[PDB]
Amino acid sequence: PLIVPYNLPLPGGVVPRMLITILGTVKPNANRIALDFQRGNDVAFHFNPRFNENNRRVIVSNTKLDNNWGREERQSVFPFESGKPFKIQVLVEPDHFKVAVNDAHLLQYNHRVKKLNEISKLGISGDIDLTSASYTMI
């Protein structure tokens, strides 16, 4: 598999109709996964499945500006399974990131970082075997 943490450059930043596809397998006894869409040191979109927060499974989404985390957005619909293969699809739309897991819509995350062309890398980390990380224009 690919080395984790993995940096996927996004040349010239994100743009509407850009589709990012991550394929991997969750480790057995996973604690977390993280996708970090970055604008320099800022994190425009942090997508963070948590397998055991107070014995609950939750996805936390947030933005980091000037080294400070913002207001969390929490999704209790939790499509990831310890030990099992997954597909994350992130479609950039004009006003949000649109996330599907295993071909099922999961959540939208409204753009807080407005300079889309400056969000020029994606960090992939946490308790996975990473199979592939790629992008295409639809």
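We number the residues from 1 along the sequence you see.
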Margin query: I need to verify one thing: averaged over C-alpha atoms only, is the B-factor higher for 88-96 or for 51-59?
Written below: 51-59
Note to self: Among the modelled residues of this chain, does the Cα B factor of residue 130 put it in the lowest, middle or highest third?
What the structure shows: highest
Next item on the list: Taking the chain's C-alpha temperature factors as the reference, tell me which third residue 32 falls into: lowest, middle or highest.
Entry: middle
Check: Can you tell me which third, lowest, middle or highest, the CA B-factor of residue 43 falls into for its chain?
Finding: lowest
Checklist line | Chain thirds of CA B-factor: placement of residue 69 | finding: highest
Notebook entry, point to check: residue 101's Cα B-factor: lowest, middle or highest third of the chain?
Noted result: lowest
